[PDB]
Amino acid sequence: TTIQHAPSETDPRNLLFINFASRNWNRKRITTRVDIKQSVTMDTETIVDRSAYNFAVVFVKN
Amino acid sequence: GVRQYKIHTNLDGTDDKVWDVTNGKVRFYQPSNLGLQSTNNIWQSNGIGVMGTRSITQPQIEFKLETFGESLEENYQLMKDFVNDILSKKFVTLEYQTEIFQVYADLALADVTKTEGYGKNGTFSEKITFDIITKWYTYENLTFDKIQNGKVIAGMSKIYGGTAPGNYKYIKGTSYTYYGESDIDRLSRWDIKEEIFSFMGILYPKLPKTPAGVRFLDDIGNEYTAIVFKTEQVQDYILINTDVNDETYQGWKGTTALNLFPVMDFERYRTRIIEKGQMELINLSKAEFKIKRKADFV
Amino acid sequence: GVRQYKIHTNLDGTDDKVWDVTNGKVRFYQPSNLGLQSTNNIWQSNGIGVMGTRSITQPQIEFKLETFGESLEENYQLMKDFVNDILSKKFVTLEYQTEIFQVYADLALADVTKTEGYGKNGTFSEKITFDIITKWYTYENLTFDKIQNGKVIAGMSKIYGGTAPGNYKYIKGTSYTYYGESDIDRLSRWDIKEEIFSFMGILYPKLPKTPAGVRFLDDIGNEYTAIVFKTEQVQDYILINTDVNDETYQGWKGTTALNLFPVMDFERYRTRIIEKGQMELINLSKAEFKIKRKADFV
Ligand SMILES: [Sr+2]
Ligand SMILES: [Sr+2]
């Protein structure tokens, strides 16, 4: 979120906008290295919700 | 020669009151610590040492406050006055002075003692402790620099001289170098050489209803911060102080003082910390600046 | 004979400034502790003792800062200089020298004191405390080793000599031993005998656009780490510093300094800690290395 004065010089209003833009219109992939000296914190996240018991004792009603 | 300790009520101010704690009736002696402490955030992995960021911490200065009165009446009046003067202002400026430097530190009253253990004619020997706001900064005058035209020399400067209809020769090294610029008197640089933390400026506006004040530029000519105000009438002068503790912005016209805070451009004023570059005067006829720049240890 | 303490603004660097705290105007005296505290994590069960891992902890060195100056002006100029010089650089390397060794410690200013208890001609007697980054390391020159061909001996070396069409005899013990190798000048070994923690190499590249730098091999001939760069033009030299605190990977061409970090191969550079083995030169014509290796107690 960014607060900035209206683009047109005639409009004297100060406005609030939401940003979904980048420094490059067609984003490029960067290749870099992270050293242990940078106080690195490693933790695992889950994007998609899928189940955790890999083995299933399935029962079928007679 | 020897060290001098002044105690100012409001330095940079018309209502300043100075106390000589080195020569006057109320004297400061034996400062506890004038140095500094630092926390470097050093974390070590497998014997190898990695260093973070140093937070320079300033410690409380405790002085052996002595009074030099002639009577019990004098010594009491000195304690009732000196201590209340420090209390009247939210913070007091201690000036450290020596043969080589004149630094200043903004103090706040931490602890003062009053006891009935008197010497002769009701003499006082007590301990006064102060809390550090900002330790060691240089309060100095800031002025613009003028550019002057170089002298005209035959054969060296670009001129059509000597035998008619004039002649200028291309030589190797000496060749033709421009003398100066037509009306070089327009060029004025307010140079910023070191990072300034706070300031106090007096600005004289030219045109009313035109944003008036100062903008700051970096080494590449880009604006990062600006103190600009759009008034209705021509103010005699605009008194601006960047000090965090007593921030002052005001427009003076005659004997009347006007608050300029709501009229100020809030988007242009991005930072208080001034970086290496230059200052430009927006709609100003004259400007007077007093710059205060920090030093950790002196 | 006697020991020598020397404070360095930037060791391994061109902008170095050295202060003799043993012989100069500003001296360090009576170090607090030069030893070490160890925590072994020992737990005893039913009289039997079990030992964990020893965390060798390094303690703050507190010196006795003392200036010797002809005038009050001189000693105030010494305190302002020595402290700012330590503050100007993020960390300062203290050199410890004796008849037997020349160790170094990376220090960060923890606390410095300034008081008004002056001796003769205004002489300071204060306490200067330092935080340990790395305690005791050896800064030495690392060079490659050359291999030379063994001498040719009749009967001992593999040659077809004497009576035509030559003869070499199989004896017991003396028999035939190869003299050397054709072009023995190709073999060069940058031997690493003890584990090193950081280094300052000056690499001179050969071919442009071909990855240039250094690679490190273990005792079995396997690569564990490699600092290599793929530049567009031939750099005059690539100045690399593996120090954690001020890591530098810059290329030099003429008087121009270029940062080579984004051009580097990030996959090959797995570790900073160099193990026992050898070092190879990738696309390099010449290389100059300075190796720093740690010692807990000296
Ligand atoms: Sr003030
Ligand atoms: Sr260095």
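Residues numbered from 1 in each chain as written, not as in the entry; some residues may be left out. Chains lettered and ligands numbered in written order. Part of a larger assembly, values for the part shown. Heavy atoms only, no water.

If you check the header, you'll see the entry was determined by X-ray crystallography and the resolution is listed as 3.90 Å.

1. Considerations on the domain arrangement of chain B
Accessible area lost upon the coming together of the parts serves often as the stated size of an interface. All names here are of chain B. As a reminder of what qualifies: Bear in mind that the domain bounds are from an automatic or database domain assignment. By definition, residues are in contact when any of their heavy atoms lie within 4.5 Å. Using a 1.4 Å probe, buried area is obtained as the accessible area two parts lose upon being combined, added over both of them. Every case where a carboxyl oxygen of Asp or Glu lies within 4 Å of a side-chain nitrogen of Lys or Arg is listed as a salt bridge. In protein, a polar contact requires one atom able to donate a hydrogen and another able to accept it; more generally it is a pair of N or O atoms within 3.5 Å, and residues adjacent in sequence count only if both atoms are side-chain atoms.
By domain assignment, chain B separates into domain 1 (1-135) and domain 2 (136-298). For domain 1 versus domain 2, the distance between C-alpha centres works out to 36 Å. Taken together, the 21 residues of domain 1 in the interface contact 16 residues of domain 2. In this assembly, domain 1 packs against domain 2 so that about 1700 Å² is buried in total across both faces, 63% of it on carbon and sulfur atoms. Linking domain 1 with domain 2 are 1 salt bridge. Between domain 1 and domain 2 we count 6 residue pairs in polar contact in total.

2. So, the interface of chain B and chain C
Put simply, the test is: Numbering of helices and strands runs from the N terminus; a helix is a DSSP stretch of H or I covering at least four residues, while a strand is a stretch of E covering at least two. Residues are grouped as follows: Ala, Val, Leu, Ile, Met, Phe, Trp, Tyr, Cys and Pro are nonpolar; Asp, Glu, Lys and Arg are charged; every other residue, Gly included, is polar. The rule for pairing is simple: two strands pair if DSSP sees at least two bridges between them.
On the side of chain C, 32 residues touch chain B, which itself brings 29 residues to the contact. Summed over both sides, the interface between chain B and chain C buries roughly 2600 Å², with carbon and sulfur atoms accounting for 55% of that surface. The shortest N-O distance in the salt bridge between B:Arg3 and C:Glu116 comes to 2.9 Å. Inspection of the region where chain B meets chain C yields 15 residue pairs in polar contact. Of all elements in the fold, only β4 (36-39), β5 (42-45) and β6 (48-51) of chain B reach the threshold of two or more residues within the side of chain B that touches chain C. Taken together, the residues of the side of chain B that touches chain C break down into 14 nonpolar, 12 polar and 3 charged. As paired strands, β4(B) and strand β10 (residues 102-112) of chain C are joined by 2 bridges and run antiparallel to one another. Note on β10(C): the bridge partner recorded for B:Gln37 is C:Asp111.

3. Here's the deal with helix α1 (residues 72-88) of chain B
Residue and element names in this part refer to chain B. Put simply, the rule reads: Every helix has an expected span of 1.5 Å times one less than the residues it contains. Summary of the burial criterion: residues with accessible area below 20% of their type's maximum are buried, those above 50% are exposed, and those between are partly exposed, where the area comes from a 1.4 Å probe applied to protein chains only. The arc in question is traced by the directions running from the helix axis to the C-beta atoms.
A rise of 1.5 Å per residue sets the reference length of α1, with its 17 residues, at 24 Å; its end C-alpha atoms lie 24 Å apart and thus fit the reference within 8%. When α1 is considered as a whole, its buried residues turn out to be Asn-75, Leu-78, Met-79, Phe-82, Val-83, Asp-85 and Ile-86. Relative to the axis of α1, the buried residues are bounded by an arc of 150° and lie together on one face. Facing away from the buried side of α1 by over 90 degrees, the exposed positions are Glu-73, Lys-80, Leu-87 and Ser-88.

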